[PDB]
Amino acid sequence: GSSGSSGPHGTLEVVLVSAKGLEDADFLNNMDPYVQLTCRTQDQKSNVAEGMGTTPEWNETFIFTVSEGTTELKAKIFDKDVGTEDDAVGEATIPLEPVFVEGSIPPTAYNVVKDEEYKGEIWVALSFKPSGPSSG
């Protein structure tokens with residue numbers, strides 16, 4: 001583990017579409033799980049999937065401020081009952097490397113694991129917005 005290379009800088013987008021589970025997985029069933037993004041000591045929870053099923057949607061959007069260091073987004077799922085810091089039904093790793101290269105990433109089902117076990121997949125979209133020509 002060694003740093004050095006430089007990174008981009010600007011605004012980041014996070015479209016929390018939905019999250020589907022496996023065929024034989026009691027993930028997000030009979031509950032109100034919510035997603036929690038994290039970008040530089042900055043997280044944001046989404047609406048509470050009230051009785052949505054194994055496919056709780058949100059169709060939300062979270063904008064973050066990138067500034068080196070951060071090259072991936074953290075998405076943890078829990079239960080409106082529980083707390084971000086208690087027990088996360090699962091989690092997913094959304095890298096901004098593809099968004100930083102492409103500048104816009106569609107809503108893809110990101111592998112959702114929990115401690116190491118594959119819970120399912122989380123659909124999320126990313127969109128980077130580098131401070132182009134403004135001051136001039």
# chains A, B, ... in the order shown; residues from 1 in each chain; ligands from 1
>>> select_by_dssp(residues="segment 63-120 of chain A", states="strand (DSSP E or B)", output="mmCIF file with N, CA and C atoms, in the first residue's frame")
data_model
loop_
_atom_site.group_PDB
_atom_site.id
_atom_site.type_symbol
_atom_site.label_atom_id
_atom_site.label_comp_id
_atom_site.auth_asym_id
_atom_site.auth_seq_id
_atom_site.Cartn_x
_atom_site.Cartn_y
_atom_site.Cartn_z
ATOM 1 N N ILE A 63 -25.152 13.990 -3.832
ATOM 2 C CA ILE A 63 -24.010 14.675 -4.412
ATOM 3 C C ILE A 63 -22.918 14.825 -3.351
ATOM 4 N N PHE A 64 -21.701 14.487 -3.749
ATOM 5 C CA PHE A 64 -20.566 14.579 -2.846
ATOM 6 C C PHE A 64 -19.451 15.436 -3.451
ATOM 7 N N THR A 65 -18.556 15.884 -2.584
ATOM 8 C CA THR A 65 -17.442 16.710 -3.018
ATOM 9 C C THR A 65 -16.132 15.922 -2.942
ATOM 10 N N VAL A 66 -15.645 15.532 -4.111
ATOM 11 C CA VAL A 66 -14.407 14.775 -4.190
ATOM 12 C C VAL A 66 -13.220 15.737 -4.107
ATOM 13 N N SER A 67 -12.139 15.243 -3.521
ATOM 14 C CA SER A 67 -10.936 16.044 -3.373
ATOM 15 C C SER A 67 -9.754 15.149 -2.995
ATOM 16 N N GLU A 72 -13.503 5.821 -4.024
ATOM 17 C CA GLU A 72 -14.538 4.804 -3.941
ATOM 18 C C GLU A 72 -15.616 5.224 -2.941
ATOM 19 N N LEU A 73 -16.834 4.777 -3.208
ATOM 20 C CA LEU A 73 -17.957 5.098 -2.343
ATOM 21 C C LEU A 73 -18.352 3.854 -1.544
ATOM 22 N N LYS A 74 -18.727 4.088 -0.295
ATOM 23 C CA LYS A 74 -19.130 3.000 0.580
ATOM 24 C C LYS A 74 -20.644 3.051 0.787
ATOM 25 N N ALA A 75 -21.278 1.908 0.569
ATOM 26 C CA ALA A 75 -22.719 1.809 0.728
ATOM 27 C C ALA A 75 -23.045 0.659 1.683
ATOM 28 N N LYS A 76 -23.580 1.027 2.839
ATOM 29 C CA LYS A 76 -23.942 0.040 3.842
ATOM 30 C C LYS A 76 -25.460 0.039 4.027
ATOM 31 N N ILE A 77 -26.006 -1.161 4.158
ATOM 32 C CA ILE A 77 -27.440 -1.314 4.340
ATOM 33 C C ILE A 77 -27.719 -1.809 5.761
ATOM 34 N N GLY A 90 -25.872 -5.605 5.001
ATOM 35 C CA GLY A 90 -24.857 -5.829 3.985
ATOM 36 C C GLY A 90 -24.193 -4.515 3.572
ATOM 37 N N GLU A 91 -23.306 -4.618 2.594
ATOM 38 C CA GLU A 91 -22.597 -3.450 2.100
ATOM 39 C C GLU A 91 -22.135 -3.680 0.660
ATOM 40 N N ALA A 92 -21.639 -2.611 0.054
ATOM 41 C CA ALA A 92 -21.161 -2.682 -1.316
ATOM 42 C C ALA A 92 -20.080 -1.621 -1.531
ATOM 43 N N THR A 93 -19.180 -1.916 -2.458
ATOM 44 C CA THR A 93 -18.095 -1.000 -2.768
ATOM 45 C C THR A 93 -18.285 -0.402 -4.163
ATOM 46 N N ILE A 94 -18.550 0.897 -4.184
ATOM 47 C CA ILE A 94 -18.753 1.598 -5.440
ATOM 48 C C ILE A 94 -17.550 2.503 -5.714
ATOM 49 N N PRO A 95 -16.655 2.013 -6.613
ATOM 50 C CA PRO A 95 -15.464 2.765 -6.971
ATOM 51 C C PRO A 95 -15.810 3.931 -7.898
ATOM 52 N N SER A 104 -19.178 9.502 -16.042
ATOM 53 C CA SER A 104 -20.572 9.164 -15.812
ATOM 54 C C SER A 104 -20.762 7.647 -15.875
ATOM 55 N N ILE A 105 -21.314 7.107 -14.798
ATOM 56 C CA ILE A 105 -21.553 5.676 -14.718
ATOM 57 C C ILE A 105 -23.045 5.425 -14.489
ATOM 58 N N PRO A 106 -23.590 4.449 -15.263
ATOM 59 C CA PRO A 106 -24.997 4.104 -15.153
ATOM 60 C C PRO A 106 -25.264 3.292 -13.883
ATOM 61 N N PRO A 107 -26.576 3.052 -13.620
ATOM 62 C CA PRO A 107 -26.978 2.295 -12.447
ATOM 63 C C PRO A 107 -26.708 0.802 -12.639
ATOM 64 N N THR A 108 -25.631 0.343 -12.016
ATOM 65 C CA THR A 108 -25.252 -1.057 -12.110
ATOM 66 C C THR A 108 -25.413 -1.746 -10.753
ATOM 67 N N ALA A 109 -25.748 -3.027 -10.812
ATOM 68 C CA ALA A 109 -25.935 -3.807 -9.601
ATOM 69 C C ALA A 109 -24.569 -4.193 -9.031
ATOM 70 N N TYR A 110 -24.178 -3.482 -7.984
ATOM 71 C CA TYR A 110 -22.901 -3.740 -7.340
ATOM 72 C C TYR A 110 -23.021 -4.869 -6.315
ATOM 73 N N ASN A 111 -22.077 -5.797 -6.390
ATOM 74 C CA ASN A 111 -22.067 -6.928 -5.479
ATOM 75 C C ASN A 111 -22.209 -6.422 -4.042
ATOM 76 N N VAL A 112 -23.225 -6.937 -3.364
ATOM 77 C CA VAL A 112 -23.481 -6.548 -1.989
ATOM 78 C C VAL A 112 -23.092 -7.697 -1.057
ATOM 79 N N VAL A 113 -22.044 -7.459 -0.281
ATOM 80 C CA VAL A 113 -21.562 -8.461 0.653
ATOM 81 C C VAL A 113 -21.819 -7.983 2.084
ATOM 82 N N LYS A 114 -21.652 -8.905 3.021
ATOM 83 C CA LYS A 114 -21.861 -8.592 4.425
ATOM 84 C C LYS A 114 -20.831 -9.344 5.269
ATOM 85 N N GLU A 117 -19.904 -12.411 3.107
ATOM 86 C CA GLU A 117 -20.962 -13.168 2.459
ATOM 87 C C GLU A 117 -21.699 -12.289 1.446
ATOM 88 N N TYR A 118 -21.975 -12.876 0.291
ATOM 89 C CA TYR A 118 -22.671 -12.161 -0.765
ATOM 90 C C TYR A 118 -24.173 -12.090 -0.480
ATOM 91 N N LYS A 119 -24.621 -10.892 -0.135
ATOM 92 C CA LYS A 119 -26.026 -10.676 0.165
ATOM 93 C C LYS A 119 -26.818 -10.607 -1.143
ATOM 94 N N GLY A 120 -26.259 -9.879 -2.098
ATOM 95 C CA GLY A 120 -26.899 -9.725 -3.393
ATOM 96 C C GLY A 120 -26.178 -8.673 -4.239
#
>>> closest_residue(among="A:54, A:5, A:38, A:11", to="residue 25 of chain A", atoms="only C-alpha atoms")
A:54
>>> select_by_dssp(residues="segment 31-106 of chain A", states="alpha helix (DSSP H)", output="MDAnalysis selection string")
chainID A and resid 97:102
>>> residues_around(residues="residue 47 of chain A", least_positions_apart="3", cutoff="10 Å", atoms="only C-alpha atoms", output="ChimeraX atom specification")
/A:32-36,50,56-60,80
>>> residues_around(residues="residue 128 of chain A", least_positions_apart="3", cutoff="7 Å", atoms="only C-alpha atoms", output="list in words")
residues 11, 12, 13, 99, 100, 103 and 104 of chain A
>>> write_last_selection(atoms="N, CA, C and O atoms", output="mmCIF file, in the first residue's frame")
data_model
loop_
_atom_site.group_PDB
_atom_site.id
_atom_site.type_symbol
_atom_site.label_atom_id
_atom_site.label_comp_id
_atom_site.auth_asym_id
_atom_site.auth_seq_id
_atom_site.Cartn_x
_atom_site.Cartn_y
_atom_site.Cartn_z
ATOM 1 N N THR A 11 -17.330 17.476 -8.163
ATOM 2 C CA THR A 11 -18.531 16.941 -7.544
ATOM 3 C C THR A 11 -18.794 15.515 -8.034
ATOM 4 O O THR A 11 -18.456 15.172 -9.167
ATOM 5 N N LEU A 12 -19.394 14.724 -7.158
ATOM 6 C CA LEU A 12 -19.705 13.342 -7.487
ATOM 7 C C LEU A 12 -21.204 13.103 -7.292
ATOM 8 O O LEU A 12 -21.827 13.717 -6.428
ATOM 9 N N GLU A 13 -21.738 12.207 -8.110
ATOM 10 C CA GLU A 13 -23.151 11.878 -8.039
ATOM 11 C C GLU A 13 -23.336 10.420 -7.618
ATOM 12 O O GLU A 13 -22.513 9.567 -7.945
ATOM 13 N N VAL A 99 -15.954 6.258 -12.832
ATOM 14 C CA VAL A 99 -16.700 7.490 -13.022
ATOM 15 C C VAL A 99 -15.721 8.644 -13.251
ATOM 16 O O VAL A 99 -16.042 9.607 -13.943
ATOM 17 N N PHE A 100 -14.545 8.507 -12.654
ATOM 18 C CA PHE A 100 -13.517 9.526 -12.784
ATOM 19 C C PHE A 100 -12.829 9.440 -14.148
ATOM 20 O O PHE A 100 -12.202 10.400 -14.592
ATOM 21 N N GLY A 103 -16.583 9.655 -16.395
ATOM 22 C CA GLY A 103 -17.224 10.912 -16.049
ATOM 23 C C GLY A 103 -18.710 10.707 -15.752
ATOM 24 O O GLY A 103 -19.385 11.621 -15.281
ATOM 25 N N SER A 104 -19.178 9.502 -16.042
ATOM 26 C CA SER A 104 -20.572 9.164 -15.812
ATOM 27 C C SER A 104 -20.762 7.647 -15.875
ATOM 28 O O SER A 104 -20.412 7.015 -16.871
#
